[PDB]
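Colleague: Protein chains in written order, with the authors' numbering: chain B, 1025 to 1116; chain E, 3 to 187; chain F, 1 to 120; chain K, 2 to 56; chain A, 1 to 528; chain C, 331 to 388. Here a beta-carbon is modelled for each residue, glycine too, at the ideal position from N, C-alpha and C. Before I ask anything, here is the structure I am working with.
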Amino acid sequence: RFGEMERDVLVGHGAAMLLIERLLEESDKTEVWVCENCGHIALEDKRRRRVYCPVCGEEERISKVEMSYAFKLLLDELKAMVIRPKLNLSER
Amino acid sequence: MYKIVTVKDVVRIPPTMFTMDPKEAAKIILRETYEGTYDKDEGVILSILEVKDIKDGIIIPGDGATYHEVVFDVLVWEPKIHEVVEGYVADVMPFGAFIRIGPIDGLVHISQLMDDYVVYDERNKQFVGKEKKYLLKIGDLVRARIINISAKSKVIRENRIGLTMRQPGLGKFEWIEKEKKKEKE
Amino acid sequence: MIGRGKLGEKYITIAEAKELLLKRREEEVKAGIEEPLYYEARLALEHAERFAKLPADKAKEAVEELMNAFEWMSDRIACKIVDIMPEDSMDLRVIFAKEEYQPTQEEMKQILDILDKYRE
Amino acid sequence: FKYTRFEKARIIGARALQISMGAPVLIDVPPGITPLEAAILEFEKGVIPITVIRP
Amino acid sequence: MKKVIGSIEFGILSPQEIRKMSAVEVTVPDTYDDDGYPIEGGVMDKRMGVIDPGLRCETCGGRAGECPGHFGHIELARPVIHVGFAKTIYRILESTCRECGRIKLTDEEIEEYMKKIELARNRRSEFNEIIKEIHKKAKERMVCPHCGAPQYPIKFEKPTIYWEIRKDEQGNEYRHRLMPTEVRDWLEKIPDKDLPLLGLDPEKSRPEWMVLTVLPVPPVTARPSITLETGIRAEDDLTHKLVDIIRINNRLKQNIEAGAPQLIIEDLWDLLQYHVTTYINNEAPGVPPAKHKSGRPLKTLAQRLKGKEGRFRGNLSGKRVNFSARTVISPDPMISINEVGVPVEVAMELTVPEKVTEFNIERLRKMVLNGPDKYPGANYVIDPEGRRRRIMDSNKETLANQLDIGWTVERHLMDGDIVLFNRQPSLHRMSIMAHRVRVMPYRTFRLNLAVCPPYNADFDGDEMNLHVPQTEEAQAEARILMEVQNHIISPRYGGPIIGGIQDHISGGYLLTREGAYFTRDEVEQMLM
Amino acid sequence: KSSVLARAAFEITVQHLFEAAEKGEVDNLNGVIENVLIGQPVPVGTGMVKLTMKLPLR
Ligand SMILES: [Mg+2]
Ligand SMILES: [Zn+2]
Ligand SMILES: [Zn+2]
Ligand SMILES: [Zn+2]
């Protein structure tokens, strides 16, 4: 039903949250902890209920970023090969 | 051991608390969030004392609450290795005794009680020495020195702190006198 | 690590903590909650009461005079001094045992002097 | 200063979300209306707490 | 507490990062095991994450479905050339001295090229052209300007074989194969200052890291075992390739530690290189495609990405979105231009979630009392905790007396709700607009006639779609940004696009025609 | 197109990824396709504004 022309139209109207609501919807986006120092996916251990970046120190001001599941698997594939996808979180 | 630390953080204030002044709202949120837990790097979080400064909130799309950056100070009890501490005995096991050093109770292993053969008599809830029949009963004020701190979980009770007594110049308040009694000469 | 970053810290003695926990429990009882403090806070307050010492004001005076009259000791050793409250030379040895520095007899003589200046 | 229509849309959305979540309404409203027209009336009366930050 | 990714910078991983980022050192080529349990030191360890049900992750402690997975690393015995960077490595070798490793270029040329690169940074095509020009200039040179040592020509053999054409004491040209260790040694000596001219960044991509020393292992979620209809745990092609990699690596290591001859070490080295290349890309040029257990080429990391239906080019698509409807349209001028008529049956399915507050509690109470059959009713009610329940008739009488602030009711569509309206093919901006609902009988999307031009619609069987936004932000955006009122003037030519079409013109002419008069009855009737 | 993610869903090979990684290319996420794929608000229109509020309310 939806498609690319409709996406272009919604962009042309300037509506962005409408695009997120209509396309992404729910149960396909997830929460991922990201380190703000190096730019790697931080690890949260529920036994210790702590977040630590096992690259450049544990509590490097780790923040939380929501992303779609497909993008998470894409990042995993990119990291599987040598390419390193550093993420720079933008200040709100 | 006691300390006051100033910390900057970000606090989420739900819309239900918008009608109240931000300072006490963030204070209540911090009370509910931080008190009652142990910090691996700062010790036991005692209680939030006062919020110094608050910034204006930022609204996250998809969330009705507002997030503010606040500066506040908190009471902590942070012990360190090789630190003497005054405390009173609270409980005794076959393998040693709790020593109430504040928010948590230290334990002295039975083999490191004192420099002599020691037997345990749970009937009086105390251990028995030999050279002057040293008694380690409940309520005794000891000059115990900390030698081991095991920070494993953020739960206060789970973490263990190993503190010894056998090192020279150390004794309970009763044997502190007896220490000087042999030092009277 | 507590919070997102530590900006500063200062060491306090047993007396100021007694005062702060007293204010906490009084605010709670005026807030309608009968329970003064939680389990660990109750333990800490009970230990502080059982090992009470000089009131807060004279404790602050003692530690500030300790910094004025004794430099290389930081606030932590000052609050240790006013908490354990050494009444003798041997107490000051056992307090200052594992520390890297060791004082000369005159030094602990004057620290004992300041202690008597506040030992009521 | 004049509100661009994108800014007005975002302000209305945020205010409606807050009202739905449980925030009090700053003005009296007719009964049986959704949060959205409540926020729209709030904006029309000019009573808006939210403000925009421009670079 | 929720931030937004502002930028993504790409680079080349360093072996130290791969070592510390990973958790478990995979050493044993172990499968799912007979009892379907993760074998220690296997490809699917518990530190890699768990996808099998009824067990906990070793690293994060998460059950399958909540553990995101974790990375593991393989310690290679010998350096292996990455297939993707092979051409880059060959280009670099032709541009650097064999002894010093610096760029074979004069300082003035370096300055000029650095200025040009600084100017043309952003333009990717011009940057590539400058890089190619510098590469040609350096490769054409023979004597290093810094050392003066000869630079024997380097010949590249696809896919990952490099030959150094050296001259013997008799002048004959013989091909000397460059082992990956030699290439690494050559690459390490390159200074940082020469990287920008060489086409590299000395903070995220260093030439030594192109040759792989540690091979990371994707988590189990990234290589799941989809199982089979027979219950056989149909493995992942990546899993099989990793098993072969582990086997060959252990074999090469044990023969190395056993003082084996150089020939067998070379054989195992080349087997490892071929397996690594086919694992990264099973369709790399000059590489025989590895066959599955059924004899088909295995889908590998390269094939998992360059797919039209994969992560790239596949996530963007058009599928059946939720809360939508489609039916034919019929005209009616009795509604306002910013209104749409919705059939009752559609309105009883496309529910919208509304949170109950103090000023709308009674309306929602009546609606939930109506049930899912009366038109002003509801289909689902969500408690403040989060469970969802169907109203039905058994508990219709309750769920209303126990409904207070904090609940969520999925009521039916009612008059005044905002709704999008679309017509395909969607050419310009005005093909999607927001309308106000007006529920009427029968089954057609009633549309005012003045709104036909922007939609380019005729009532001869044309169909339209409507979507119902759910969240408050989307509803506000539709109401403020997308309403029909704001789009009277067309963005194309700056004139109106909404207006009369056929009767609105002819009847207007009849009304205003010279010599046309109306009686009192007609005047009052038409005005009303 | 500078955005390697945007170019990625327009091609048939993967060498562009390796070239971008070698060059240390930084994707600014300033476009539309990349943000849509990630699942983030597009930086156009209402995706551009930022909001702040003074909490004490009547
Ligand atoms: Mg037609
Ligand atoms: Zn990091
Ligand atoms: Zn896990
Ligand atoms: Zn050279």
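1) What does DSSP give as the partner residue(s) for E/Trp-79 in the beta ladder?
2) Which term fits B/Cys-1077, buried or exposed, when burial requires 16 or more other beta carbons within 10 angstroms of its beta carbon?
3) Is there at least one Cβ from chain B nearer than 8 Å to C/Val-379's Cβ?
4) Can you tell which of A/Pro-150, A/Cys-60, A/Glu-94, A/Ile-8 has the C-alpha that lies nearest to the C-alpha of A/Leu-198?
5) Using three-state DSSP, classify A/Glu-133 as helix, strand or coil.
6) State whether the stretch 353-360 of chain A contacts the stretch 448-462 of chain A, with contact taken as three or more CB pairs (one from each stretch) at a distance under 8 Å.
7) I want to verify the contact list: residues of chain A whose CB lies under 9 Å from the CB of E/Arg-14, in sequence order.
8) Under the DSSP definition of a beta bridge, which residues are partnered with E/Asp-107?
9) Between E/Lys-156 and E/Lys-42, which are expected to be in contact by the criterion C-beta below 8 Å, what is the C-beta distance as a whole number of angstroms?
10) According to DSSP, what are the bridge partners of B/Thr-1054?
11) Assess contact between the stretch 29-43 of chain K and the stretch 494-506 of chain A, defined as three or more Cβ pairs (one per stretch) separated by less than 8 Å. Is contact present?
12) Quick check on A/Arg-479: does DSSP put it in helix, strand or coil?
13) If you compare alpha carbons, which of A/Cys-147, A/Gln-470, A/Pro-53, A/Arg-411 is closest to A/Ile-361?
14) Note down, in chain order, each residue of its chain lying with its Cβ closer than 7 Å to the Cβ of A/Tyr-442, except the 5 sequence neighbours on either side.
15) Anything in the stretch 150-171 of chain E with a Cβ closer than 8 Å to a Cβ of chain B? List those residues in chain order, please.
16) Comparing the C-beta of E/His-84 with each C-beta of chain F, is any distance below 8 Å?
17) Within 10 Å of its beta-carbon, does A/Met-528 have 16 or more other beta-carbons around it, so buried, or fewer, so exposed?
18) Buried or exposed: A/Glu-514, going by 16 or more other Cβ atoms within 10 Å of its Cβ?
19) Using only CA atoms, which one of A/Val-276, A/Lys-204, A/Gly-6, A/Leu-413 lies nearest to A/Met-440?
20) Does any C-beta atom of chain A lie closer than 8 Å to the C-beta of B/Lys-1053?
21) Is it the case that the stretch 301-317 of chain A contacts the stretch 419-435 of chain A, given that we only count it when at least three CB pairs across the two stretches are under 8 Å?
22) Check residue 572 of chain A in the structure and name its three-state DSSP category.
23) Can you check whether the C-beta of E/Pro-96 is within less than 8 Å of a C-beta belonging to chain C?
24) Take the Cβ of B/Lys-1103 as the centre, count every other Cβ of all protein chains shown within 10 Å, and call the residue buried at 16 or more, exposed below.
25) Taking 8 Å as the CB-CB cut-off, is A/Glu-473 touching chain E?
26) In chain K, which residues lie with their C-beta within 8 Å of the C-beta of E/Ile-61?
27) Closer than 7 Å to a non-hydrogen atom of ligand 3 - does that hold for the CB of A/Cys-57?
28) Any idea what DSSP makes of E/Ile-148, helix, strand or coil?
29) I think A/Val-243 touches A/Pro-29, with their Cβ atoms under 8 Å apart; what is that distance to the nearest whole Å?
30) When every heavy atom of ligand 2 is checked, does at least one fall within less than 7 Å of the C-beta of A/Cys-67?
31) Could you name the residues of the same chain whose beta carbon sits closer than 8 Å to that of A/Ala-400, not counting the 5 residues immediately before and after it, in chain order?
32) What are the boundary residues of the beta strand (DSSP E) that includes A/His-73?
33) Could you tell me if B/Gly-1038 is buried or exposed, where buried requires 16 or more neighbouring beta carbons within 10 angstroms of its beta carbon?
34) According to DSSP, which residues form a beta bridge with E/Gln-128?
35) Which residue marks the beginning of the alpha helix (DSSP H) containing A/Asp-503, and which one marks its end?
36) Counting Cβ pairs closer than 8 Å, one from the stretch 183-201 of chain A and one from the stretch 82-98 of chain A, do we hit at least three?
Modeller: According to the data block:
1) E/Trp-79 has E/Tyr-4, E/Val-46 as its beta-bridge partners, per DSSP.
2) The residue in question, B/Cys-1077, is buried, as its Cβ has 16 or more Cβ neighbours within 10 Å.
3) So no, C/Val-379 is outside the interface.
4) Of A/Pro-150, A/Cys-60, A/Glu-94, A/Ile-8, the residue nearest in Cα terms is A/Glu-94.
5) Of the three classes helix, strand and coil, the one that applies to A/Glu-133 here is helix, per DSSP.
6) Too few Cβ pairs lie closer than 8 Å, so no.
7) Under the 9 Å cutoff, chain A gives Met-1.
8) Answer is E/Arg-102, bridged to E/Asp-107.
9) Indeed, because the Cβ distance is near 7 Å, the residues count as touching under 8 Å.
10) B/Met-1091.
11) Counting Cβ pairs under 8 Å, fewer than three are found: no touch.
12) A/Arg-479: helix per DSSP, three-state reduction.
13) Ranking the options by Cα distance to A/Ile-361, first place goes to A/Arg-411.
14) Take A/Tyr-442, set aside five residues on each side of it, and the residues of its chain with a beta-carbon closer than 7 Å to its own are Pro-343, in chain order.
15) Against chain B - using a Cβ distance shorter than 8 Å - the residues of the stretch 150-171 of chain E are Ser-155, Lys-156.
16) At a cut-off of 8 Å, the C-beta of E/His-84 has a neighbouring C-beta in chain F.
17) Flag for A/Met-528 reads exposed.
18) A/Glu-514 is exposed by the Cβ-count criterion.
19) Minimum Cα-Cα distance from A/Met-440 among the listed residues A/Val-276, A/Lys-204, A/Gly-6, A/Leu-413 corresponds to A/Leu-413.
20) With respect to chain A, the C-beta atom of B/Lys-1053 has no partner C-beta closer than 8 Å.
21) Under the three-pair Cβ rule at 8 Å, the stretch 419-435 of chain A does not count as touching the stretch 301-317 of chain A.
22) Since the first and last residues shown for chain A are 1 and 528, residue 572 of chain A lies out of range.
23) Contact with chain C is absent for E/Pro-96, since none of that chain's Cβ atoms lies less than 8 Å from the residue's Cβ.
24) Buried, because 16 or more other Cβ atoms sit within 10 Å of the Cβ of B/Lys-1103.
25) True, the Cβ-Cβ gap to chain E drops below 8 Å.
26) Result: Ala-15, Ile-51.
27) If you check the C-beta of A/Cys-57 against ligand 3, you find a heavy atom less than 7 Å away.
28) Strand.
29) About 4 Å separates the two Cβ atoms, so the contact holds.
30) With a cut-off of 7 Å, the C-beta of A/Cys-67 is classified as distant from ligand 2, since no heavy atom of the ligand falls inside that distance.
31) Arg-365, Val-368, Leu-369.
32) For A/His-73, the enclosing beta strand (DSSP E) starts and ends at 72-81.
33) Flag for B/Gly-1038 reads buried.
34) Under DSSP, E/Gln-128 forms a beta bridge with E/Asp-123.
35) Where A/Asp-503 is concerned, the enclosing alpha helix (DSSP H) starts and stops at 503-512.
36) Contact between the stretch 183-201 of chain A and the stretch 82-98 of chain A is present, because at least three Cβ pairs lie under 8 Å.
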